[PDB]
Structures are given as C-alpha cells and as structure tokens.
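First, one chain by itself: the form deposited without the ligand, in structure tokens.
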C-alpha cells in the first residue's frame, strides 16, 4: 500500500445554540447548501480526516461522538476512528480519521485556552488538537471568541492569547507559537466578527441577503477589515465567502434573521453576520487547496447554520535512508549567504539566530550578528557569511526539498525571541545561491524581516 502524497481534510464549525441537533446532519459532512459546495459525484468518497468544532454544544462527548460516527458511516460506509476529543465548557473539537490512517497518526496533543479576566473568564476560549500524519504536522484550533458588534478589539486580543498560550505541537520548538509549529494549521470557530453597518440598515441588509448580493456586506465584515489592516490573523488565508451570513437566525426555519435587541441579547442588535469561519496557514510552497467553503441550509436547531470547508493538503512520507535517522548524511548541507534581519525593535542588544527543523538532529544556534542603523530608523542585524553550515539527517532531494527551516532571532541578553519565521527548501535549483525571505513575527504580530541567499546541496 503506497503512502499518500495528498489527503483531504474536512473542517466543520457549528455553534449549536445549546440545542440538540436534528436527526440528520449529513448535509454538513457532504458540503451541501450555500457557497462553494462539493460535487454530488464525490458524496461516497470519504475525506481522510474530519475535524468538527462546536460552540454552545449541549451534548456529552459520548452523545456527540455517536452522532458523528453514525453520520459518516451512513454517508461513506466507513467506521471512522477517534483521533482526539477535547472540550472546554461548551467548546469542543473532535478529530476522526479513516481506519487505514491509524498507524500513520502519532504525537497526538490536545490543549485549551480560557480567554478574559474575572468578568470575562467563564465561557469563551479555544480548544486545539495536533498530531503527525506520516512526515507532516497538522494543527487544528476551534475558538469561540468574545461576542458583540462593538468588541472586535477584544476578539483580536482573544486571538493573540490563544496563539500565545495554546500548547500544541513539538515542545522542542520553544521559540515558536502554534502559527509556526505545523505544516498546516486550520483555525476555525464562532469567531464572532460582525457586519459593522448601522442598526437602522438591518432591513436593507436582509434585502441584500435575499438577493444573494453579499459584496456590500463583506466590505463591512470586521474579520476581513481587521485582517486587511493587519490587526488579527496575520499570514492566514480564507476562501472567498459566497454563502449567506450564518447568524443570527430564528430557529426551526432559515427564512428569518432575528436581529432586533431583546432582554435575552443584553439589549444588543445582532445584524446578520459571518460569525462562523475557517482560516488556515500552511508552510511556504506546500500544496493546500480549498475545495469547499459554505453553509448548510437544512440544519435549523441553532440560531447559527453549520459551516463546512474542505481542503486538499500535501503530505510527505516517514523517510528512512541507510544513514538518517540516527546520523547525518555527509552529502547534504544548507548554507546561508549575505543574510540580515531587519527588526522594528527600539532595543539595542546583540542578536543571534536559532535554526529549527525536523531535517536536523537538533536546533542550531548562530554566532551574534553585527548591528547597524537602517536609513529609515530600523535595526539591521547583519550575519554576512558567518551563519553555520546546517547538516541535514537525510541528503536525498526527494526528502530535503520538501523540508522547512524555522528561524528565531533572539536577544543575547535575555534569550527571548524577537521574531520567528520559516524558509521553504523547495528551491528552483540546488548548489545555486538563491534569494530567501520570510517576514518575522512575535506573538503573531509583524516584528521584522529576514532575507538573504541560500545554497542547498543534496545527494543529487
């Protein structure tokens, strides 16, 4: 049985509004309804991995797992295996995989983050799962962020607390948060961003939804506008939205949006909004293609409609040469030429680099760079040709060209990272000086840039 070089992944997010689901929820897993939907001819073809995020979930883990497994078995005639399940309050994540993947999946991690202090600690936060699929690391985050049209800044703060404090992936990657730990990271949930239009325009918004004219609404979607101004989800992707707002509906129909202020809403309006989202972030030059992104039309127990997204995701095999793992492959080397970091920091300490990658036996520390002043105020840390030669565990180009090098720039004084980024080894050529670039972030905010040249030697 050959190892796959591609898998498909289902992402579901549903805020269940504290109500049990209806007897049939198959439309969700079939990506049927509104938006970018899945072709009928694929209905019997199982996804490799299903990841289900719920919010306001009133079920026990046992009750929900039974409903999910029964639904997938009805669709596919496959009995899926439970990879992981984790619940914080009424926020839950389930990961199911085809039984043929049981031995391909390892290093399963789960964690949660509670957002807010005192008043604002008690029901919002995130749960997450990570694991290895052969040679590929996968991470999944389900978050229920702060509610209310006038709290987009709070939502952005919730986002930063979740990416800092969610402990998934390889703990040896100590300078790196979840936005750098995975080949593919999917972040979904009731993110609770709203269409920021005046309250008086509610009936106008409903009219536009009835006409399937979403352009004037999406131009006011707080997640799109905050992302465009680099306030949140920096370096994440989202498929184009072509489905109606998924909140806030009257239950038992989809014909009516319930937007007017009520005692039950804390006297807040809920203008129709795209609260329920799926975003992703993959390492550079890895195959990731969104194949569906939409909402169901026929599941009406909640004031939200379920959202689905599906992806093709590139995966690599667990590589074994005569040499690595457990030694170097003296034929392989990675060289950095003329490299420098441009940092936004006002501080003046010395900096060094750490290189982390699963193609190295352990991370590599550089010597300190030489600081200079950029022409527009910046700190430029020059490394020249002083960076160590990296010795990969395997030199075979079918392995090495698929790998990635994580870079952290650290203060000599404090050993704290000022910036993290990632460089693909999927080069246009080997034994050739080629430009490399990554932005640098810390706590998922832009802090600088790393650029220079690379020279990769493989056994070929």
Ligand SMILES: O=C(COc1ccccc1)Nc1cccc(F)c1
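Positions refer to the first chain, counted from 1.
From this point on, the text means the form solved in complex with the ligand, which you will not see here.
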Is this site open or blocked for the ligand? Place it by superposing the surrounding C-alphas onto its pose in the entry with it bound, then apply the 2.4 Å backbone/C-beta contact test with a threshold of 3 atoms. open
One stretch from 104 to 112, 202 to 210, 302 to 310, 245 to 253 that, in the entry with it bound, holds residues within 4.5 Å of the ligand by heavy atom: 104 to 112
Of 364, 197, 85, 379, the only residue with a heavy atom within 4.5 Å of the ligand in the entry with it bound is 85
Scan 261, 389, 350, 81 and let me know which has any heavy atom within 4.5 Å of the ligand in the entry with it bound. 81
